[PDB]
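So this one's entry.txt, compact mmCIF, C-alpha atoms:
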```txt
# COMPACT_ATOMS: atom_id res chain seq x y z
CA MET A 1 7.07 4.10 -18.51
CA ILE A 2 7.32 2.37 -15.11
CA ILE A 3 4.48 0.26 -13.70
CA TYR A 4 4.56 -0.97 -10.10
CA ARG A 5 2.58 -4.18 -9.58
CA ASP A 6 1.61 -6.20 -6.52
CA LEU A 7 4.08 -9.02 -5.90
CA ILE A 8 1.35 -11.28 -4.48
CA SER A 9 -1.90 -10.83 -6.41
CA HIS A 10 -0.10 -9.55 -9.56
CA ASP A 11 -2.47 -6.56 -9.57
CA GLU A 12 -1.72 -3.13 -11.01
CA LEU A 13 -1.35 -0.68 -8.12
CA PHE A 14 0.40 2.52 -9.24
CA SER A 15 2.96 3.92 -11.68
CA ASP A 16 5.73 6.53 -11.77
CA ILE A 17 3.36 9.27 -12.96
CA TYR A 18 2.89 10.46 -9.36
CA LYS A 19 5.28 11.88 -6.78
CA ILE A 20 7.08 8.95 -5.12
CA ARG A 21 8.54 9.62 -1.67
CA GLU A 22 10.13 7.13 0.72
CA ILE A 23 9.07 6.89 4.37
CA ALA A 24 9.45 4.52 7.34
CA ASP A 25 13.20 4.18 6.66
CA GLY A 26 12.65 2.59 3.27
CA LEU A 27 9.62 0.43 4.14
CA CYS A 28 6.63 2.28 2.65
CA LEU A 29 6.15 4.38 -0.48
CA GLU A 30 4.45 7.79 -0.39
CA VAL A 31 2.61 8.22 -3.70
CA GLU A 32 1.38 11.82 -3.92
CA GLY A 33 -1.57 12.42 -6.24
CA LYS A 34 -4.39 14.90 -6.85
CA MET A 35 -8.18 14.99 -6.98
CA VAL A 36 -9.58 14.77 -10.52
CA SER A 37 -13.22 14.80 -11.67
CA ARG A 38 -14.06 12.84 -14.81
CA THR A 39 -14.80 13.16 -8.67
CA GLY A 40 -12.25 10.67 -7.38
CA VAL A 41 -8.62 9.92 -6.63
CA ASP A 42 -6.47 9.78 -9.76
CA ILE A 43 -4.30 6.95 -8.41
CA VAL A 44 -7.35 4.85 -7.52
CA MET A 45 -9.35 5.22 -10.74
CA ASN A 46 -6.36 4.75 -13.08
CA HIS A 47 -5.26 1.34 -11.73
CA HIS A 48 -8.57 -0.48 -11.00
CA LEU A 49 -8.09 -0.30 -7.23
CA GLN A 50 -11.03 -1.99 -5.48
CA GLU A 51 -12.09 -0.45 -2.17
CA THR A 52 -12.59 -2.62 0.91
CA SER A 53 -12.89 -2.23 4.69
CA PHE A 54 -11.42 -3.97 7.73
CA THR A 55 -11.99 -3.92 11.48
CA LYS A 56 -9.30 -3.61 14.14
CA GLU A 57 -9.02 -7.41 14.49
CA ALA A 58 -9.61 -8.36 10.84
CA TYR A 59 -6.90 -5.96 9.65
CA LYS A 60 -4.53 -7.16 12.38
CA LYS A 61 -5.30 -10.72 11.28
CA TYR A 62 -4.71 -9.80 7.63
CA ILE A 63 -1.57 -7.72 8.17
CA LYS A 64 -0.09 -10.61 10.16
CA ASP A 65 -0.95 -13.00 7.32
CA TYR A 66 0.26 -10.58 4.64
CA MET A 67 3.51 -9.37 6.24
CA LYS A 68 4.45 -13.02 6.79
CA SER A 69 3.77 -13.70 3.10
CA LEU A 70 6.12 -10.88 2.07
CA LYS A 71 8.82 -12.18 4.42
CA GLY A 72 8.63 -15.52 2.61
CA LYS A 73 8.98 -13.77 -0.74
CA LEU A 74 12.06 -11.97 0.59
CA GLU A 75 13.58 -15.26 1.75
CA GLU A 76 13.53 -16.41 -1.89
CA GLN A 77 14.27 -13.12 -3.70
CA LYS A 78 16.22 -10.79 -1.36
CA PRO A 79 17.24 -12.60 1.84
CA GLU A 80 19.25 -9.63 3.12
CA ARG A 81 15.98 -7.65 3.18
CA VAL A 82 14.32 -9.93 5.77
CA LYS A 83 16.19 -8.29 8.65
CA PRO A 84 15.20 -4.64 7.89
CA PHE A 85 11.70 -5.80 6.89
CA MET A 86 10.61 -7.19 10.26
CA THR A 87 12.29 -4.34 12.16
CA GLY A 88 10.51 -1.50 10.37
CA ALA A 89 7.23 -3.40 10.08
CA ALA A 90 6.93 -4.03 13.83
CA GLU A 91 7.21 -0.28 14.37
CA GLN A 92 4.98 0.47 11.37
CA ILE A 93 2.20 -1.98 12.28
CA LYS A 94 2.10 -0.28 15.68
CA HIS A 95 1.91 3.04 13.81
CA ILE A 96 -0.93 1.93 11.53
CA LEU A 97 -3.14 0.48 14.27
CA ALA A 98 -2.56 3.60 16.39
CA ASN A 99 -3.97 5.80 13.60
CA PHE A 100 -6.43 3.18 12.34
CA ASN A 101 -9.31 5.67 12.11
CA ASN A 102 -7.47 7.78 9.49
CA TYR A 103 -6.80 5.19 6.76
CA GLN A 104 -8.95 3.88 3.90
CA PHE A 105 -8.48 0.39 2.48
CA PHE A 106 -8.03 -0.64 -1.15
CA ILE A 107 -7.19 -3.94 -2.84
CA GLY A 108 -6.11 -5.09 -6.29
CA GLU A 109 -8.29 -5.67 -9.34
CA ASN A 110 -8.74 -9.41 -8.74
CA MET A 111 -9.84 -8.71 -5.13
CA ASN A 112 -7.65 -11.55 -3.90
CA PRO A 113 -7.82 -11.69 -0.07
CA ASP A 114 -4.05 -12.37 -0.05
CA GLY A 115 -3.19 -9.22 -2.02
CA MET A 116 -1.89 -5.91 -0.75
CA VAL A 117 -4.17 -3.50 1.12
CA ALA A 118 -3.26 0.11 0.36
CA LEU A 119 -3.86 3.03 2.72
CA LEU A 120 -5.19 6.48 1.80
CA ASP A 121 -5.13 9.68 3.84
CA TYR A 122 -4.79 13.44 3.36
CA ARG A 123 -2.03 15.91 4.16
CA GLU A 124 -2.29 18.89 6.51
CA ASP A 125 -4.27 20.70 3.78
CA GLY A 126 -6.93 17.97 3.71
CA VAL A 127 -7.32 17.91 -0.09
CA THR A 128 -4.05 16.39 -1.36
CA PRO A 129 -4.30 12.58 -1.20
CA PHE A 130 -1.26 10.36 -0.73
CA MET A 131 -1.25 6.55 -0.71
CA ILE A 132 0.88 4.20 1.39
CA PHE A 133 2.09 0.94 -0.18
CA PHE A 134 4.61 -1.66 0.96
CA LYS A 135 7.87 -1.26 -0.96
CA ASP A 136 8.96 -4.88 -0.44
CA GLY A 137 5.71 -6.32 -1.82
CA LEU A 138 6.11 -4.85 -5.30
CA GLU A 139 7.72 -5.99 -8.54
CA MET A 140 9.09 -3.32 -10.89
CA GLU A 141 8.34 -4.26 -14.50
```
Before anything else, please render the file you have as structure tokens.
Amino acid sequence: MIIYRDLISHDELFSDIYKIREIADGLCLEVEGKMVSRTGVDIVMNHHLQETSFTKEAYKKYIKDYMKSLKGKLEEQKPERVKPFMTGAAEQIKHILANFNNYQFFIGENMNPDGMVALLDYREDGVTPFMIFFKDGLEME
């Protein structure tokens, strides 16, 4: 069994039980799940994901403070990743803020303000949820 954890806040985010697809040229992970009623998202309820909200400036302030934190973790763990990290993120941050009204925010269990903020949206069918994480801010245990 594979468990993907946040590299910063050490919070449980998701596992390999869902469909994992790669997007943004290897920058973000596309975790495909389904709606289960025990009604909620299976990926959210199974990993203690705490929901939060951000404004256009607070998220831009956070994502600038968080993407810098991941770049520092790459400089100590995978220095060759720093170059493709800033390139795809600059295009991705401009893609997230452009579609800011379509994403929902979630944080780790500890609710650390420095942790990862996950995004949630729906496919063209409107009922299949998929979550967007940062691939470089995860540790595979």
Taking a cut-off of 10 Å and counting only C-alpha atoms, can you build a table that, for each residue of region 3-80 of chain A near region 90-112 of chain A, reports the nearest atom pair and how far apart they are in Å (one decimal), sorted by chain then residue number, as a tab-separated table?
```
residue	atom	partner	partner_atom	distance
A:5	CA	A:108	CA	9.3
A:6	CA	A:108	CA	7.8
A:8	CA	A:112	CA	9.0
A:9	CA	A:112	CA	6.3
A:10	CA	A:108	CA	8.2
A:11	CA	A:108	CA	5.1
A:12	CA	A:108	CA	6.7
A:13	CA	A:108	CA	6.7
A:24	CA	A:92	CA	7.3
A:27	CA	A:92	CA	8.6
A:28	CA	A:92	CA	9.1
A:44	CA	A:106	CA	8.4
A:47	CA	A:109	CA	8.0
A:48	CA	A:109	CA	5.5
A:49	CA	A:108	CA	5.3
A:50	CA	A:107	CA	5.1
A:51	CA	A:106	CA	4.2
A:52	CA	A:105	CA	5.3
A:53	CA	A:105	CA	5.6
A:54	CA	A:105	CA	7.4
A:55	CA	A:100	CA	9.1
A:56	CA	A:97	CA	7.4
A:57	CA	A:97	CA	9.8
A:59	CA	A:97	CA	8.8
A:60	CA	A:97	CA	8.0
A:63	CA	A:93	CA	8.0
A:64	CA	A:93	CA	9.2
A:67	CA	A:93	CA	9.6
```
Contacts of region 69-81 of chain A within 9 Å, all atoms listed in the file, excl. fewer than 2 positions in-chain, as a PyMOL selection string: chain A and resi 7-8+64-67+83-86+114+136-137
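Straight-line separation from CA of residue 120 (chain A) to CA of residue 30 (chain A): 10.0 Å.
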Pairwise distance for CA of residue 131 (chain A) and CA of residue 37 (chain A), rounded to one decimal in Å: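 So the two atoms, CA of residue 131 (chain A) and CA of residue 37 (chain A), lie 18.2 Å apart.
The two atoms in question, CA of residue 21 (chain A) and CA of residue 43 (chain A), are spaced 14.7 Å apart.
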Counting only C-alpha atoms, the residue of A:58, A:17, A:45, A:36 that sits nearest residue 1 (chain A): A:17
Excluding residue 129 (chain A) and residues on its chain fewer than 2 positions from it, collect all residues at most 8 Å away from it, counting all atoms listed in the file, and give them as a tab-separated table (two decimals) with C-alpha atoms, keeping the file's coordinate frame.
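This is the output file part-v5.tsv:
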```tsv
chain	number	residue	atom	x	y	z
A	32	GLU	CA	1.38	11.82	-3.92
A	33	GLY	CA	-1.57	12.42	-6.24
A	34	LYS	CA	-4.39	14.90	-6.85
A	35	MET	CA	-8.18	14.99	-6.98
A	41	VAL	CA	-8.62	9.92	-6.63
A	120	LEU	CA	-5.19	6.48	1.80
A	121	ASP	CA	-5.13	9.68	3.84
A	122	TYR	CA	-4.79	13.44	3.36
A	123	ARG	CA	-2.03	15.91	4.16
A	126	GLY	CA	-6.93	17.97	3.71
A	127	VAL	CA	-7.32	17.91	-0.09
A	131	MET	CA	-1.25	6.55	-0.71
```
What's around residue 141 (chain A) at 8 Å? Count all atoms listed in the file, leave out sequence neighbours fewer than 5 positions away in its own chain, and write the answer as an mmCIF file with C-alpha atoms, in the frame of the given file.
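Below you can see out.cif, which holds the result:
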```cif
data_model
loop_
_atom_site.group_PDB
_atom_site.id
_atom_site.type_symbol
_atom_site.label_atom_id
_atom_site.label_comp_id
_atom_site.auth_asym_id
_atom_site.auth_seq_id
_atom_site.Cartn_x
_atom_site.Cartn_y
_atom_site.Cartn_z
ATOM 1 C CA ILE A 2 7.320 2.370 -15.110
ATOM 2 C CA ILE A 3 4.480 0.260 -13.700
ATOM 3 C CA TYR A 4 4.560 -0.970 -10.100
ATOM 4 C CA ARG A 5 2.580 -4.180 -9.580
#
```
Best match for closeness to residue 113 (chain A) among A:61, A:133, A:128, A:88, counting all atoms listed in the file: A:61
